[PDB]
């Protein structure tokens, strides 16, 4: 089997992407944030504290003839950005782009933090990291990908995120028309439960490539590119007036600037992030100070190849017995 679904930016900055997901019988379609940095499929629901729901579409398990309470199971998650959610668990039928999994754990939120409430466009998350990170207790549950894998034509999914435009998540096949050149594959460590890999270096603009190993995660659920302070300083030093602002929480730059590109290495191959992808607009409405899309990972504890990086590529998440990651230009 295969599936193919369009993923759409939630706003004009590509802060996140939502993909429609069918849950239950009859289908209830929710727009979920596909997140290769976590492993829980959780939704706003009829059980979510009413004051914490503000415009989201909810899953109502009592209206699904295929929903079953997973007795005794609870979940609770905290994300790198400080947001969180928790609740109980149903199993139900879940379909993405024509690909159907029966018996998928659907984690129903009883509580969500303010960041989720305040974002009306995201009805929940669909985790695509390794199932070892799933938070369901006392019986850990599998991700949608893990459940689908054996049925897929090939045990892969691909992320093709757009810049200020829709893109695609495919399951079970590689669309050879969706990228240019060849796909370069690189080793993955699953030791921390992430799609963790090592970039071979970077360049800033038309500058020379610096060969250096950068361990990090491919994370569709993180907006920005978080890299070591040395790398980030070298990037922003090429933008007149750019500075790290402790009050804003990262590098800012004059909105009048033209940003240089940023290149990262995948083996001997190179992915080029155009400068415009690195512009996240005014820090507050009407400001002429703009927020940078490349930020320091210092104090996160891990480097993160988030949407800023991934949207410059066609990315293969290969879930073969030994997982690997593939990147192509597009």
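Following Swiss-Prot, chain A residues are numbered 90-419, in order.
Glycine is no exception: its Cβ is also placed from the backbone N, Cα and C atoms.
Feature annotation from Swiss-Prot assigns domain 'Peptidase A1' to 106-417; the stated evidence is sequence analysis. Swiss-Prot lists 124, 288 with the feature active site. Residues or ranges marked as disulfide bond by Swiss-Prot: 344-379.
The two recorded residues, residue 288 (active site) and residue 124 (active site), have Cα atoms 20 Å apart.
Counting only the Cα atoms, the space from residue 124 (active site) to residue 379 (disulfide bond) is about 26 angstrom. Listed in sequence order, the residues of the same chain lying 6 or more apart from residue 379 (disulfide bond) and placing their CB within less than 8 Å of its CB are 341, 342, 343, 344, 346, 368, 369, 370, 371, 372. Under the DSSP three-state reduction, residue 344 (disulfide bond) is assigned to coil, being neither helix nor strand.
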